[PDB]
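> Protein chains in written order, with the deposited numbering: chain 1d, 2 to 209; chain 1p, 1 to 82; chain 1t, 8 to 103; chain 1h, 2 to 138; chain 1q, 2 to 100; chain 1l, 5 to 126. Here a beta-carbon is modelled for each residue, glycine too, at the ideal position from N, C-alpha and C. So that we are looking at the same thing, I have put the structure below in structure tokens.
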RNA sequence: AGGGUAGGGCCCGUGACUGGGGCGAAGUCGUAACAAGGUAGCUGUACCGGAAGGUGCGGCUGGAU
RNA sequence: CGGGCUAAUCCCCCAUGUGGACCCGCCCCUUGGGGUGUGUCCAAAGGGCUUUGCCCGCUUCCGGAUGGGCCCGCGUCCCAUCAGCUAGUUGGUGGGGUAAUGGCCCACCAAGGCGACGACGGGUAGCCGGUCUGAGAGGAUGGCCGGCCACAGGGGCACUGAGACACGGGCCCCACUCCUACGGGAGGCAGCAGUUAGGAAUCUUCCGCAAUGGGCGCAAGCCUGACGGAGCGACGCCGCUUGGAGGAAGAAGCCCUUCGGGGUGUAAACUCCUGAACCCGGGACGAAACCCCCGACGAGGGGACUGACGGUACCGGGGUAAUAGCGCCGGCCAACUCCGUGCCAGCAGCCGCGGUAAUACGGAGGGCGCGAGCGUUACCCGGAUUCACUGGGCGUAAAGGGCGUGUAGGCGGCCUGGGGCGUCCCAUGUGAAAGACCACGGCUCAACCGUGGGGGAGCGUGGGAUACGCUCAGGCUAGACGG
Ligand code: SF4
Ligand SMILES: [Mg+2]
Ligand SMILES: [Mg+2]
Ligand SMILES: [Mg+2]
Ligand SMILES: [Mg+2]
Ligand SMILES: [Mg+2]
Ligand SMILES: [Mg+2]
Ligand SMILES: [Mg+2]
Ligand SMILES: [Mg+2]
Ligand SMILES: [Mg+2]
Ligand SMILES: [Mg+2]
Ligand SMILES: [Mg+2]
Ligand SMILES: [Mg+2]
Ligand SMILES: [Mg+2]
Ligand SMILES: [Mg+2]
Ligand SMILES: [Mg+2]
Ligand SMILES: [Mg+2]
Ligand SMILES: [Mg+2]
Ligand SMILES: [Mg+2]
Ligand SMILES: [Mg+2]
Ligand SMILES: [Mg+2]
Ligand SMILES: [Mg+2]
Ligand SMILES: [Mg+2]
Ligand SMILES: [Mg+2]
Ligand SMILES: [Mg+2]
Ligand SMILES: [Mg+2]
Ligand SMILES: [Mg+2]
Ligand SMILES: [Mg+2]
Ligand SMILES: [Mg+2]
Ligand SMILES: [Mg+2]
Ligand SMILES: [Mg+2]
Ligand SMILES: [Mg+2]
Ligand SMILES: [Mg+2]
Ligand SMILES: [Mg+2]
Ligand SMILES: [Mg+2]
Ligand SMILES: [Mg+2]
Ligand SMILES: [Mg+2]
Ligand SMILES: [Mg+2]
Ligand SMILES: [Mg+2]
Ligand SMILES: [Mg+2]
Ligand SMILES: [Mg+2]
Ligand SMILES: [Mg+2]
Ligand SMILES: [Mg+2]
Ligand SMILES: [Mg+2]
Ligand SMILES: [Mg+2]
Ligand SMILES: [Mg+2]
Ligand SMILES: [Mg+2]
Ligand SMILES: [Mg+2]
Ligand SMILES: [Mg+2]
Ligand SMILES: [Mg+2]
Ligand SMILES: [Mg+2]
Ligand SMILES: [Mg+2]
Ligand SMILES: [Mg+2]
Ligand SMILES: [Mg+2]
Ligand SMILES: [Mg+2]
Ligand SMILES: [Mg+2]
Ligand SMILES: [Mg+2]
Ligand SMILES: [Mg+2]
Ligand SMILES: [Mg+2]
Ligand SMILES: [Mg+2]
Ligand SMILES: [Mg+2]
Ligand SMILES: [Mg+2]
Ligand SMILES: [Mg+2]
Ligand SMILES: [Mg+2]
Ligand SMILES: [Mg+2]
Ligand SMILES: [Mg+2]
Ligand SMILES: [Mg+2]
Ligand SMILES: [Mg+2]
Ligand SMILES: [Mg+2]
Ligand SMILES: [Mg+2]
Ligand SMILES: [Mg+2]
Ligand SMILES: [Mg+2]
Ligand SMILES: [Mg+2]
Ligand SMILES: [Mg+2]
Ligand SMILES: [Mg+2]
Ligand SMILES: [Mg+2]
Ligand SMILES: [Mg+2]
Ligand SMILES: [Mg+2]
Ligand SMILES: [Mg+2]
Ligand SMILES: [Mg+2]
Ligand SMILES: [Mg+2]
Ligand SMILES: [Mg+2]
Ligand SMILES: [Mg+2]
Ligand SMILES: [Mg+2]
């Protein structure tokens, strides 16, 4: 399946902060906050000139690892968007964010997509009323996403819920809080999320 | 004779018969002479049946005859409206 | 081991029997007058020729012959008679 | 001589490199009709029907770019490029849909047609095609 | 429709039939260039009228015999023997392409 | 050349010369060893490489180089081979496959085991 | 159909022996070419010679001075 | 085998001829098309119900409709180290024959037919839609599905027939095997599974006609290895899980150390939360028709039976932390150190690693990439712009023929006119559907499948324009030839 292994090693090797769990990634107990150098026996050694390839290799994994998606699942969409109209970048981006799990986390239902998926994969979520244990469902504009009424009685949801009431949600997002029923408004533009990514670099990558 | 009947398309457990005209000596799903309707039997759409009630009467005029259920499909198509 | 084909097969030979006979008789009579055509005998020739026509046609009634064929054997029959009877003549009966 | 057209074109391309105020060519209504295009688009200055020791010609009056500094002050060419297309060795024919657009729109291709010589654009406007004479820029 | 071909006669030696050589042009499927290809057809001449050098128009007719499927539709021109030369000269030249 | 010529003679779609004929367009052919021994390579190397000469259901008979260290190959040993030559060893074009037939993988081998037919310890 | 008699054509495999060729090398003989390579070299043929090769006739310079 | 008997929608004659067949004549047409007249020929079948009427059938003749046969044009692989082939061979007259042209068959007259536009021979291969690669032109390919063809152990043949020269029909011959009571008989999986053999390797001797479709029947119903499903196989694609959050300036073990330290490592442990599977309850869509009731067996409206997959998916309640394996780490090419070893044992796709300090073998620590996958081999396109139409090149890198003459062929200077072959434009028929491409819709997504939409090249028909190519005709003199 997805990754599911040691994760901090991601942020480190990348040299950037990926808030892959939730709270700690903000805490001063973080790795990059403590050890922002490569994992393994050779982290603190002077890095050397990465290759033009190696570079383009990064941005990918960085993004790819950000959502924890199989390489394949990350070819399709970018074969999707690339064969999709207009600027392949924005589309693929919107194609990625359009995943349930993500949006679920983007809707502050869980600190990590990792949680998002599980709650998603555990069907605790719903959409337009319908229940969806499908962490790969490409949610489209006009979709009503509702927590499982059967799981509205859970406390974790509310602890993440509570820490959301008036929290700032994406322009292409709402969050009728309490009702545990958000909503997915539109497809974003690059300027809608300033990810630590240079998407074109990933374009250059599969251009091989 | 040339008859009118349903050619099963779709996939396993996924019926989608094209109500079409061809020779019985054809295989079930082989070459037909003309398509003239389509039918979701399981009722997965608000429009799981259509007929070119006009053309459908064309062939029947020229003698073609349908399978029973195809005759039904053409029934509710009203094709037999006196 | 066994099938209705055995029933199917048998009938043929019987049917096989019945067709070959007619054709044989046809050509038997069809030509027979033709000889007379070479020496007509106009009256007697046209007497045969008519007979072959019936057998020929009457074969077309069943699997024995196809209409176009019988017509051919018919057509090609008549044609020959007169042409032969031309050199000499002349037809006593019909026809025609 | 095989193809006067390329020869015509060739004569041009041969002088433009040496920077001739003009140059000459044996005449023909077709060569002219061509040249007709080659000033209305602005690659040439125009032609006049001259005449050499008894024979007709077409002294073409050449247009070039401005003097320049650097070490190579020689004036850039108007006709950067001019090469034959359809030839006697390989006659080349196009339908209106398959009519190329020279250098993204900065050049043209002269086309012989039942409706007179045209440019890559004029044809598409008139909705026809023909024997691609040449492409030039 | 019945295909009409505008070919020349190369043989009258047969009786009640002629050899109409038909020539056609076309581009190359890869090299654009126009490329001449010919092909002899066997025309039916019931009245043994058509003669050597006669440019003619042949029409796809029902089979008269084997290989003979085009009758002569109508005459076009006469005296066209130059073409024959461009035919026989060929056949004659072959006599040196052996071993 | 002239377009005409290209029309007359066209261009020659040169084909490929397969590098594993003894296979007869197959990925794996069984054989039966015939000369289990060692073979020295050409320069600039020096050693005693582990070769296997095998007759095939394809009728042929070819040297097959035995990869790894330590094997169990002697005359009459059922075996399978694969495509792949050994640059330095002329006369060898194909490989053998350990852990297959009368051939067993490498002993106390832990890395890249797949390429050496050696299952997993604890 | 086919079976038989007889005689031709073509291709694959196999064969005492035989002719060269390729690769390996750490052997033997000499040292032909690469410098004026110690007789300028190459070339066609012809002859000769354990072998690279020599030589005769004519040719090219892709010959040094 | 034979002797003798019996019915019919079986077979035979006669009658009736709307009509149809043939001859000969004539109108039209124009290849044997339709109409017309005299002579000749020919149809048939009954059974059932509620019974002077219905339904099913039977006969002919026209037409429709679909499925075909034959014929033509252009296109369809490799070798010229195959350069000549041909006697049914090419044409004709006349007959046979078929549904029909034909040398498809026979007889006779003639001497003719094919070929460097590659005949003849050999090797290979089932073609197309499409499939994959590809920026494209192009290449490779033709399983699955759809169409057509050809074969039904290896060959030949005709009968039956609307239709075959017929896979589970028949006649014979050959090869093979088996049975046997030893006199003699039988068989043909390239139908669904299955066995044996060959091989690197390809599955169940499963369920059922419920659906769709097919034959037969008025219907009831029957047959149904087509079809619908189950199973096996990581064979390919899609989806999902092996957990989530919190969690020390950081346990042990393990690897490195300059002995201060560093790395594994938020990883674990443990706390909480969620809850794959596995337990129970419920439990389908697919299935509305034929048929039966009224009406009129019809339009239309009412009435039931039926589910192989299957108690499966799916719905509800409850509920366990619950598989990780593979390749790679000298450059290409992302990912580093330590020991062992010492041109030995070894990796290798290329350049090349090892001869006592190996980022290149082995192991380990750590790390890189994917992830129920991971790798290898084989083969196809790509990179290969390296057979170059797009889109290459021949002084010394591989490539100008030793030199001329000349056939075919390719190519061809200025001006006018006709034709309209290439060529261009418009209209139009075909270009099946599946697939590819855009939009959307159903399985909770996707893969898969459905719906609609949107084009072309190519060739068939009609019209048009005339610059260049070509053709026919008239002039000219700038190439050539000549005095
Ligand atoms: S945010 Fe911090 S704690 Fe979270 S994965 Fe990244 S480095 Fe680790
Ligand atoms: Mg795009
Ligand atoms: Mg690419
Ligand atoms: Mg007799
Ligand atoms: Mg008949
Ligand atoms: Mg070009
Ligand atoms: Mg070495
Ligand atoms: Mg063997
Ligand atoms: Mg053994
Ligand atoms: Mg290989
Ligand atoms: Mg490995
Ligand atoms: Mg014989
Ligand atoms: Mg015999
Ligand atoms: Mg010397
Ligand atoms: Mg020396
Ligand atoms: Mg010397
Ligand atoms: Mg010499
Ligand atoms: Mg000697
Ligand atoms: Mg000497
Ligand atoms: Mg000399
Ligand atoms: Mg000389
Ligand atoms: Mg010289
Ligand atoms: Mg020198
Ligand atoms: Mg009786
Ligand atoms: Mg009668
Ligand atoms: Mg027939
Ligand atoms: Mg014959
Ligand atoms: Mg003779
Ligand atoms: Mg030709
Ligand atoms: Mg050739
Ligand atoms: Mg193929
Ligand atoms: Mg295949
Ligand atoms: Mg097929
Ligand atoms: Mg056969
Ligand atoms: Mg057979
Ligand atoms: Mg068999
Ligand atoms: Mg047989
Ligand atoms: Mg049979
Ligand atoms: Mg057949
Ligand atoms: Mg069988
Ligand atoms: Mg079988
Ligand atoms: Mg075996
Ligand atoms: Mg199966
Ligand atoms: Mg059934
Ligand atoms: Mg049925
Ligand atoms: Mg009844
Ligand atoms: Mg019964
Ligand atoms: Mg049965
Ligand atoms: Mg099937
Ligand atoms: Mg954790
Ligand atoms: Mg239950
Ligand atoms: Mg249902
Ligand atoms: Mg549950
Ligand atoms: Mg645990
Ligand atoms: Mg790998
Ligand atoms: Mg390595
Ligand atoms: Mg190194
Ligand atoms: Mg890689
Ligand atoms: Mg590196
Ligand atoms: Mg290795
Ligand atoms: Mg090197
Ligand atoms: Mg070392
Ligand atoms: Mg998977
Ligand atoms: Mg390749
Ligand atoms: Mg590339
Ligand atoms: Mg290319
Ligand atoms: Mg080059
Ligand atoms: Mg050279
Ligand atoms: Mg020369
Ligand atoms: Mg000439
Ligand atoms: Mg001209
Ligand atoms: Mg003209
Ligand atoms: Mg024209
Ligand atoms: Mg289509
Ligand atoms: Mg959907
Ligand atoms: Mg579609
Ligand atoms: Mg397109
Ligand atoms: Mg079109
Ligand atoms: Mg046209
Ligand atoms: Mg004109
Ligand atoms: Mg010409
Ligand atoms: Mg003239
Ligand atoms: Mg002059
Ligand atoms: Mg002169």
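What does DSSP give as the partner residues of residue 6 (chain 1p) in its beta bridges?
19 (chain 1p)
> Does the CB of residue 92 (chain 1h) have a neighbour CB from chain 1q at under 7 Å?
yes
> Start and end of the alpha helix (DSSP H) containing residue 95 (chain 1d)?
89-98
> So if DSSP puts residue 78 (chain 1h) in a beta bridge, which residue, or which two residues, is it bridged to?
As computed with DSSP, residue 78 (chain 1h) is found in a beta bridge with 65 (chain 1h).
> So for residue 73 (chain 1p), helix, strand or coil by DSSP?
helix
> What do you get for residue 149 (chain 1h), buried or exposed, if any count of 16 or more other CB atoms within 10 angstroms of its CB means buried?
Because chain 1h is modelled from 2 through 138, residue 149 (chain 1h) falls outside the range shown and cannot be assessed.
> Applying the 10 Å Cβ sphere with the 16-neighbour rule, what's the burial state of residue 14 (chain 1p)?
exposed
> Would a C-beta distance cut-off of 7 Å place residue 40 (chain 1t) and residue 98 (chain 1t) closer than the cut-off?
Contact flag unset, no.
> From residue 99 (chain 1q) to residue 89 (chain 1q), what does the alpha carbon distance come to, in whole angstroms?
17 Å
> Determine whether the beta carbon atoms of residue 103 (chain 1h) and residue 130 (chain 1h) lie at a separation below 7 Å.
no
> Check residue 17 (chain 1h) in the structure and name its three-state DSSP category.
helix
> Where are the alpha helix (DSSP H) runs, 4 residues long or more, that stay fully inside the region 51-95 of chain 1q, in chain order?
Segments of the alpha helix (DSSP H) lying fully in the region 51-95 of chain 1q: 82-95.
> Name the chain 1h residues whose beta carbon is nearer than 8 Å to that of residue 34 (chain 1q)?
90, 91, 92
> Please state whether DSSP places residue 185 (chain 1d) in a helix, a strand or coil.
strand
> Assuming residue 56 (chain 1l) and residue 100 (chain 1l) make a contact with CB atoms under 8 Å, what is their CB distance in whole Å?
6 Å
> Closer than 7 Å by beta-carbon distance: list the chain 1q residues that pair up with residue 18 (chain 1l), in chain order.
In chain 1q, no part has a C-beta under 7 Å from the C-beta of residue 18 (chain 1l); the shortest such distance is about 17 Å.
> Return the first residue and the last residue of the alpha helix (DSSP H) that residue 34 (chain 1d) is part of.
32-35
> Is it a yes or a no for the region 76-94 of chain 1d touching the region 187-202 of chain 1d, going by three-plus beta-carbon pairs under 8 Å?
yes
> Which class does residue 14 (chain 1p) belong to by DSSP, given the choice of helix, strand or coil?
strand
> Using the Cα positions of residue 11 (chain 1h) and residue 84 (chain 1h), report the straight-line distance between them to the nearest angstrom.
Roughly 8 Å between the two C-alpha positions.
> On the three-pair Cβ rule with 8 Å, is the region 34-47 of chain 1q touching the region 4-24 of chain 1q?
yes
> Within 7 Å of any Cβ in chain 1l, is that where the Cβ of residue 29 (chain 1q) sits?
Under the Cβ distance rule, residue 29 (chain 1q) counts among the residues neighbouring chain 1l, one pair being separated by less than 7 Å.
> Since residue 183 (chain 1d) and residue 174 (chain 1d) are thought to touch, with beta carbons under 8 Å apart, how far apart are those beta carbons, to the nearest angstrom?
7 Å
> Beta carbon of residue 83 (chain 1l), beta carbon of residue 35 (chain 1l): below 7 Å?
yes
> Is residue 113 (chain 1d) buried or exposed, if buried means 16 or more other CB atoms sit within 10 Å of its CB?
That one is buried.
> Do you know whose CA, among 3 (chain 1q), 97 (chain 1q), 54 (chain 1q), 71 (chain 1q), lies nearest residue 77 (chain 1q)'s CA?
54 (chain 1q)
> In the structure shown, what three-state DSSP assignment does residue 65 (chain 1p) receive?
Three-state DSSP puts residue 65 (chain 1p) in a strand.
> In chain order, what residues of the same chain lie with their CB nearer than 6 Å to the CB of residue 178 (chain 1d), ignoring the 5 residues before and after it?
166
> Spell out whether any CB of chain 1q is found under 7 Å from the CB atom of residue 10 (chain 1l).
yes
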